[PDB]
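Remarks on the structure that follows.
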Protein chains: 2
Amino acid sequence: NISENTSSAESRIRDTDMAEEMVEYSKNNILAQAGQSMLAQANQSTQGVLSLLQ
Amino acid sequence: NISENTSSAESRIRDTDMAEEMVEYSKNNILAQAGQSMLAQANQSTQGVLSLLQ
């Protein structure tokens, strides 16, 4: 019984809650795609220079 | 973060804003064509000598 409770206690401190962590995984997965999108747009975003009298 | 903000800083001090310099290049390019055209006519200036009791 003390083993079952201190297993439960340690599992609370250290095992991943996979439900919760897939929220935080997937925020960062969308943000990474939106970041790569913005970087890919930003590298095109200075093609504006080339019409200016050139 | 600091390296981005001092790249932003130094870029402000040192990089040509190509929009602003293509104004000043084009002023001087038109002035040079105008001043060439003006020097060409200023060399025809004293052609008036040759009809003058000659």
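Just so we're on the same page: first chain in the structure tokens is A, next is B, and so on; residues restart at 1 for each chain, and ligands are numbered from 1 in the order they show up.
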
Counting only C-alpha atoms, which residues from chain B have an atom at most 9 Å from any atom of chain A, and could you show them as a PDB file with N, CA, C and O atoms, in the first residue's frame?
ATOM      1  N   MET B  18      17.181  51.116 -50.392  1.00  0.00           N
ATOM      2  CA  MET B  18      17.295  51.214 -51.853  1.00  0.00           C
ATOM      3  C   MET B  18      16.235  52.100 -52.455  1.00  0.00           C
ATOM      4  O   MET B  18      16.482  52.738 -53.467  1.00  0.00           O
ATOM      5  N   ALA B  19      15.087  52.183 -51.789  1.00  0.00           N
ATOM      6  CA  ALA B  19      14.019  53.116 -52.078  1.00  0.00           C
ATOM      7  C   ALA B  19      14.488  54.561 -52.004  1.00  0.00           C
ATOM      8  O   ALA B  19      14.219  55.300 -52.936  1.00  0.00           O
ATOM      9  N   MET B  22      17.595  55.311 -54.698  1.00  0.00           N
ATOM     10  CA  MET B  22      17.172  55.325 -56.109  1.00  0.00           C
ATOM     11  C   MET B  22      16.417  56.606 -56.491  1.00  0.00           C
ATOM     12  O   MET B  22      16.336  56.947 -57.670  1.00  0.00           O
ATOM     13  N   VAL B  23      15.943  57.366 -55.494  1.00  0.00           N
ATOM     14  CA  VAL B  23      15.545  58.774 -55.664  1.00  0.00           C
ATOM     15  C   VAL B  23      16.756  59.626 -56.021  1.00  0.00           C
ATOM     16  O   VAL B  23      16.758  60.358 -57.005  1.00  0.00           O
ATOM     17  N   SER B  26      18.553  58.785 -59.383  1.00  0.00           N
ATOM     18  CA  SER B  26      17.744  59.293 -60.482  1.00  0.00           C
ATOM     19  C   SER B  26      17.696  60.821 -60.616  1.00  0.00           C
ATOM     20  O   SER B  26      17.756  61.310 -61.742  1.00  0.00           O
TER      21      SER B  26
END

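With atom CA of residue A:28 on one side and atom CA of residue A:16 on the other, the separation reads 17.0 Å.
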
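Here atom CA of residue A:43 and atom CA of residue B:4 stand 16.3 Å from one another.
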
Two-atom distance - atom CA of residue A:17, atom CA of residue A:32 (Å): 22.4 Å

Per-residue DSSP, chain A, filtered to alpha helix (DSSP H), as number ranges by chain: A: 2-14, 18-44

Store the residues picked out above, limited to N, CA, C and O atoms, as a compact mmCIF listing (two decimals), in the first residue's frame.
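And here is the file that came out, again15.txt:
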# COMPACT_ATOMS: atom_id res chain seq x y z
N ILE A 2 1.89 1.39 0.82
CA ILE A 2 2.82 2.53 0.75
C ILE A 2 3.54 2.57 -0.60
O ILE A 2 3.67 3.64 -1.17
N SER A 3 3.93 1.43 -1.17
CA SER A 3 4.46 1.34 -2.52
C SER A 3 3.47 1.81 -3.58
O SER A 3 3.82 2.62 -4.42
N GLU A 4 2.19 1.43 -3.52
CA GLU A 4 1.14 1.89 -4.43
C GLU A 4 0.87 3.39 -4.35
O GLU A 4 0.73 4.07 -5.37
N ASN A 5 0.90 3.97 -3.16
CA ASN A 5 0.78 5.40 -2.97
C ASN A 5 2.04 6.15 -3.39
O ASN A 5 1.93 7.10 -4.15
N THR A 6 3.25 5.74 -3.01
CA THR A 6 4.45 6.43 -3.48
C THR A 6 4.75 6.16 -4.94
O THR A 6 5.41 6.98 -5.56
N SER A 7 4.25 5.08 -5.55
CA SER A 7 4.26 4.93 -7.01
C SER A 7 3.35 5.95 -7.66
O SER A 7 3.75 6.61 -8.60
N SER A 8 2.15 6.11 -7.11
CA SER A 8 1.17 7.09 -7.55
C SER A 8 1.70 8.51 -7.40
O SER A 8 1.66 9.28 -8.35
N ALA A 9 2.31 8.85 -6.27
CA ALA A 9 2.96 10.13 -6.03
C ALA A 9 4.07 10.40 -7.05
O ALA A 9 4.06 11.41 -7.71
N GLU A 10 5.00 9.48 -7.26
CA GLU A 10 6.08 9.67 -8.20
C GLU A 10 5.59 9.77 -9.64
O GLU A 10 5.97 10.69 -10.36
N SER A 11 4.68 8.91 -10.06
CA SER A 11 4.02 9.00 -11.35
C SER A 11 3.35 10.35 -11.56
O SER A 11 3.43 10.91 -12.65
N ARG A 12 2.77 10.96 -10.52
CA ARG A 12 2.24 12.32 -10.57
C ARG A 12 3.34 13.34 -10.87
O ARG A 12 3.14 14.21 -11.71
N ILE A 13 4.49 13.24 -10.22
CA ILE A 13 5.61 14.17 -10.42
C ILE A 13 6.22 13.96 -11.80
O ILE A 13 6.51 14.95 -12.47
N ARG A 14 6.43 12.72 -12.25
CA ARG A 14 7.35 12.45 -13.36
C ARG A 14 6.80 11.80 -14.62
O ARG A 14 7.37 12.08 -15.66
N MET A 18 -0.20 12.33 -21.17
CA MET A 18 -0.11 12.35 -22.63
C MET A 18 -1.21 13.19 -23.26
O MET A 18 -1.02 13.78 -24.31
N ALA A 19 -2.36 13.26 -22.60
CA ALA A 19 -3.49 14.08 -22.97
C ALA A 19 -3.09 15.55 -23.05
O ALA A 19 -3.17 16.15 -24.12
N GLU A 20 -2.60 16.07 -21.93
CA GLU A 20 -2.07 17.42 -21.77
C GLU A 20 -0.91 17.71 -22.70
O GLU A 20 -0.90 18.70 -23.42
N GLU A 21 0.08 16.84 -22.76
CA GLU A 21 1.27 17.09 -23.55
C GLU A 21 0.99 17.13 -25.04
O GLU A 21 1.66 17.88 -25.74
N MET A 22 0.00 16.41 -25.57
CA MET A 22 -0.36 16.51 -26.98
C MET A 22 -1.06 17.83 -27.34
O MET A 22 -1.01 18.27 -28.49
N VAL A 23 -1.61 18.55 -26.36
CA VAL A 23 -2.02 19.96 -26.52
C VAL A 23 -0.81 20.83 -26.80
O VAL A 23 -0.78 21.61 -27.76
N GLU A 24 0.22 20.70 -25.98
CA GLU A 24 1.41 21.53 -26.04
C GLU A 24 2.31 21.14 -27.19
O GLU A 24 2.91 22.00 -27.81
N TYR A 25 2.35 19.86 -27.57
CA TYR A 25 2.98 19.40 -28.79
C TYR A 25 2.34 20.06 -29.99
O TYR A 25 3.02 20.59 -30.86
N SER A 26 1.01 20.03 -30.06
CA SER A 26 0.30 20.47 -31.24
C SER A 26 0.20 21.99 -31.39
O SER A 26 0.26 22.46 -32.52
N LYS A 27 0.20 22.78 -30.30
CA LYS A 27 0.41 24.24 -30.38
C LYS A 27 1.68 24.54 -31.13
O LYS A 27 1.67 25.34 -32.05
N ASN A 28 2.77 23.90 -30.72
CA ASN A 28 4.10 24.10 -31.29
C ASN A 28 4.19 23.56 -32.70
O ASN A 28 4.87 24.16 -33.52
N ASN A 29 3.49 22.48 -33.04
CA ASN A 29 3.39 22.01 -34.41
C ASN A 29 2.70 23.03 -35.33
O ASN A 29 3.27 23.37 -36.37
N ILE A 30 1.56 23.62 -34.94
CA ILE A 30 0.93 24.70 -35.72
C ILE A 30 1.83 25.94 -35.75
O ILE A 30 2.06 26.50 -36.82
N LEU A 31 2.37 26.37 -34.61
CA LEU A 31 3.27 27.52 -34.59
C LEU A 31 4.48 27.32 -35.47
O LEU A 31 4.91 28.26 -36.11
N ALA A 32 5.04 26.11 -35.55
CA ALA A 32 6.20 25.84 -36.38
C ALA A 32 5.86 26.01 -37.84
O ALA A 32 6.57 26.70 -38.55
N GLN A 33 4.72 25.47 -38.28
CA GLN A 33 4.19 25.67 -39.63
C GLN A 33 3.91 27.14 -39.94
O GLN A 33 4.36 27.65 -40.96
N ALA A 34 3.24 27.87 -39.06
CA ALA A 34 3.02 29.30 -39.21
C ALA A 34 4.33 30.12 -39.18
O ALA A 34 4.49 31.05 -39.97
N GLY A 35 5.32 29.73 -38.40
CA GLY A 35 6.67 30.31 -38.43
C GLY A 35 7.39 30.06 -39.75
O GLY A 35 7.90 31.00 -40.34
N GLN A 36 7.38 28.83 -40.27
CA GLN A 36 7.95 28.49 -41.57
C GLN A 36 7.24 29.20 -42.70
O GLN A 36 7.89 29.66 -43.63
N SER A 37 5.92 29.39 -42.58
CA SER A 37 5.11 30.19 -43.50
C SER A 37 5.56 31.62 -43.53
O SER A 37 5.77 32.19 -44.59
N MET A 38 5.76 32.22 -42.35
CA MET A 38 6.16 33.61 -42.24
C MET A 38 7.58 33.84 -42.68
O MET A 38 7.83 34.80 -43.39
N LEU A 39 8.49 32.94 -42.35
CA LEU A 39 9.84 32.99 -42.89
C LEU A 39 9.86 32.82 -44.41
O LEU A 39 10.44 33.65 -45.09
N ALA A 40 9.15 31.85 -44.98
CA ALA A 40 9.02 31.70 -46.43
C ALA A 40 8.41 32.93 -47.13
O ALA A 40 8.86 33.32 -48.19
N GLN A 41 7.42 33.61 -46.52
CA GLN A 41 6.88 34.88 -47.00
C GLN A 41 7.86 36.02 -46.86
O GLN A 41 7.96 36.84 -47.77
N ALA A 42 8.59 36.09 -45.76
CA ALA A 42 9.56 37.15 -45.44
C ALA A 42 10.74 37.16 -46.41
O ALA A 42 11.18 38.23 -46.82
N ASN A 43 11.21 36.00 -46.84
CA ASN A 43 12.29 35.90 -47.82
C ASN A 43 11.87 36.34 -49.23
O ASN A 43 12.70 36.84 -49.98
N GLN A 44 10.60 36.22 -49.57
CA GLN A 44 10.02 36.80 -50.78
C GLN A 44 9.78 38.31 -50.61
O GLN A 44 9.84 39.05 -51.59
